[PDB]
Structures are given as C-alpha cells and as structure tokens.
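Q: Take this structure, written in structure tokens, and hold onto it; I'll ask about it next.
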C-alpha cells in the first residue's frame with residue numbers, strides 16, 4: 001500500500017549497505033525509513049575537493065513510482081544547485097523511473113559536481129561566472145567548500 | 001619480521017647514544033623499544049629559547065618502511081604544530097624514506113621551530129599573526145614557552 | 001570482525017575490529033596502516049559522520065560493514 | 001476541508017487542507033502529490049499572489065475554493 005514503498009526502501013537500504021559507493025553514503029536519519037540523510041563527498045580535481053555535503057532525502061508514500069525529494073542542507077556554490085539546496089537534475093522530476101535507485105540519484109549528483117550545466121542553469125548568475133571566468137568560479141566554489149563543507 | 005624493525009631501532013638508538021645532536025635528545029620511554037620520548041630544545045634567537053619541549057614517538061612494526069608517529073606532548077605556539085601536538089612535516093607523511101632516521105626527524109623539527117611555514121599552515125589563525133604582526137607572534141610564542149616549556 | 005574502509009582514492013582497506021571499539025580506536029588503527037593522523041580523519045557510515053566517543057555497535061556497524069574515510073584539508 | 005488547485009496545464013488537483021494551513025504548507029502538499037518544488041510555485045487566489053507566511057483563512061480561502069498554480073521558469 002505504502003507497505004509497498006517501505007519494502008522497496010528496505011531493499012535499497014540493504015543494497016547500499018552491501019556495497020556503498022565511495023563518493024557518497026546514505027541511510028535513515030532515525031527510526032523513520034522514509035526520511036534519510038546523505039553525504040556527498042567533494043570530487044577529486046574539483047573546487048569541492050575535501051568537502052562533505054549533507055543532503056536530506058524524503059521518499060514519497062508511493063515510491064518507487066514518484067522520485068524521492070532530495071535537497072542539499074549544506075551550502076554549495078554551483079550553477080545547478082540553488083540557495084534552498086534544490087537540485088537541477090531531470091531524474092528528480094520528469095525523467096524518474098521506478099528502475100532508478102537512491103544510489104543512482106547520489107551518483108548523478110556527484111557527477112553534476114564534476115560537470116556543471118551552465119547553459120541550462122538553475123542559478124544564472126553563477127553560470128555566467130562559470131562560463132566567463134572559470135578561475136573566479138573555482139575560487140568562490142573553493143571558498144564556500146571551506147566555509148560550509150568542512 | 002618486526003624483529004627487523006627492532007634491529008633497526010636498536011641501531012638508531014646506538015647511533016644516537018654515540019653522538020647525540022645538541023638541540024634534541026631521545027630514547028625509549030621504558031622497556032618497549034617501539035615507544036620513545038624526545039626533548040626538543042627551543043632554538044637560540046627564537047621566541048622558544050629556553051624551552052624544553054617533550055614529544056612522543058611510536059615506531060610502526062614495519063619500520064623503517066613507514067615513518068614514525070611523532071607528536072608534541074608539550075603545548076607550543078607555532079603555525080605548523082596544532083593543539084593535538086600534531087606536526088606538519090612532509091617527511092612524517094608522503095616524503096618518508098627508509099634512508100631517514102629519528103635524529104633527522106628531530107633535527108627537521110628543530111629547524112621548523114627556527115623557520116615556520118606560514119604560507120602553508122597547519123593552524124591558519126597563527127600563520128595570520130606570524131605574517132601580519134611578527135612581534136605579537138614572538139610575544140605569544142614566548143608566553144607559551146614560559147607557561148608550558150619550563 | 002572485519003570491516004572495510006573506502007576512501008576517495010577509491011581504494012579499500014580492511015580492518016580487524018570489535019563491535020565495542022570506539023570511533024577514535026578505529027581512527028588509531030587507520031593511522032597504523034595508512035599513517036593518516038586521526039585529527040585529519042572523517043569517518044562516515046550510512047549517511048552520518050561518526051562521533052569519536054561512540055562505538056561501532058552504537059551505529060550498527062557489523063561484520064563486513066563498509067565505512068567511508070574522508071580526509072580533512074590540512075596545510076603543512 | 002477540500003480545495004481545488006488549477007494549473008496552466010488546465011488540469012485540476014484537489015487538496016485536503018485546514019483554514020489554519022499556511023501557504024508554504026499548501027506548497028509542501030503540492031510538492032507531495034505533483035513533485036513540484038515549492039520554490040518554483042506561485043499560488044494565486046482572487047487576483048493576488050499568495051504570501052508564504054499567511055494562512056488560507058487570511059485570504060478567505062474556504063471549502064471548495066479554487067487557487068491557481070503557476071510555475072516559475074527554472075533552468076536545469
């Protein structure tokens with residue numbers, strides 16, 4: 001019913017625990033299997049290197065047929081992530097499929113950290129800097145990672 | 001095996017006893033050849049002048065192929081030494097070679113006391129003072145040497 | 001019991017530990033085989049940064065569990 | 001009580017709400033059944049864009065009232 005969602009989330013949790021990705025980690029916040037916390041590790045060779053970014057994840061009651069709600073709780077300087085921690089990733093909206101898993105979602109966000117999408121930006125002002133002065137962008141992103149992510 | 005490490009440590013101990021450096025001294029804490037204590041003497045012409053700084057040294061079981069673990073047990077005001085007595089010296093990490101010895105390590109730390117590295121600092125807040133107000137730095141370092149090092 | 005520790009160097013080390021080991025104990029062991037100062041170490045399991053005084057068993061870390069090891073940025 | 005929410009996809013959803021619900025509460029509920037981030041949502045009733053901290057009852061939104069939901073333009 002929603003017992004169905006729970007069954008699926010337990011399954012994803014078991015899969016994660018068996019072999020978790022190196023660049024991210026996730027599990028229930030407390031005793032509510034619908035409410036998870038995640039860490040995304042700043043990628044190597046990025047201005048986010050060394051950062052640990054915390055995310056909130058809420059699974060809907062008819063998972064896996066709607067996507068999870070996922071937002072950054074750590075501040076991050078990125079053209080595809082806004083001040084609400086809201087994340088611009090198609091798989092979190094129109095492109096979700098019950099085939100996908102939470103690990104796939106976090107790996108997509110790791111990948112987004114490595115490779116921003118400045119031509120279809122959530123935050124135009126950051127994309128502008130990314131596109132015209134990548135060095136300043138790396139400066140500011142590094143500074144935020146030091147302020148907020150360690 | 002680790003009999004191999006012991007053989008090497010005995011050797012370093014014998015070398016030290018034969019002709020020890022003037023500015024430092026080291027040997028086994030008790031009956032465990034892997035656990036040593038050291039004194040580093042505050043250098044002349046430094047704000048550490050007059051201080052005796054105690055260190056702990058633990059040799060790993062596959063010495064000399066991993067570096068020794070070395071930390072200050074006396075509090076010291078320095079941009080490259082933190083509140084855990086942890087010491088920022090490359091030879092204690094990526095730059096260790098089985099060629100090096102404990103005497104070389106302690107001499108490097110003496111030298112670090114004479115010549116801090118404020119542009120690549122362990123403790124940024126101290127480096128800032130070092131770089132902008134060397135006189136205040138010398139004041140505070142002198143004060144800590146008097147509180148903690150005699 | 002054995003546990004794995006994954007890094008951002010992708011690399012995986014194994015540790016022999018007890019359920020009653022504290023997180024500082026685990027960091028001590030990582031310093032032993034990797035030479036990484038405990039104070040540089042951030043340990044993460046199931047989306048949580050692990051607290052130094054807690055035991056493995058407080059986090060339900062069991063045999064064959066995997067932790068993530070993340071190094072803080074530190075100057076020389 | 002039940003309220004309707006009309007979109008520019010012409011489409012109509014229903015919500016169970018209380019008069020004391022705030023507009024951010026209503027946006028939370030819309031995120032729940034439609035997956036639309038609250039920050040993308042503009043809610044409009046009787047010619048006014050609704051303010052996040054106000055309650056339904058501050059705007060005289062009653063049972064069977066209808067609100068308009070308009071999505072902001074947002075990039076990826």
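In case you wondered, yes, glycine gets a Cβ from its N, Cα and C as well.
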Q: Swiss-Prot annotates one residue of C:12, C:66 as (Microbial infection) ADP-ribosylthreonine; which residue is it?
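A: The residue tagged (Microbial infection) ADP-ribosylthreonine by Swiss-Prot is C:66.
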Q: Looking at the recorded positions C:6, C:11, C:48, C:65, C:76, whose Cα is closest in space to that of residue C:27 (ubiquitin cross-link)?
A: C:6
Q: Taking C:27, C:29, C:33, C:63 as the recorded sites to compare, which has the smallest set of other Cβ atoms within 10 Å?
A: C:63
Q: Based on Cα coordinates, which of the following recorded positions are within 10 Å of residue C:6 (ubiquitin cross-link): C:29, C:48, C:68, C:72, C:76?
A: C:68
Q: Filter the recorded positions C:6, C:27, C:65, C:66 down to the ones with a Cβ under 8 Å from chain A's Cβ atoms, keeping sequence order.
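A: Listed in sequence order, the recorded positions near chain A are C:6, C:65, C:66.
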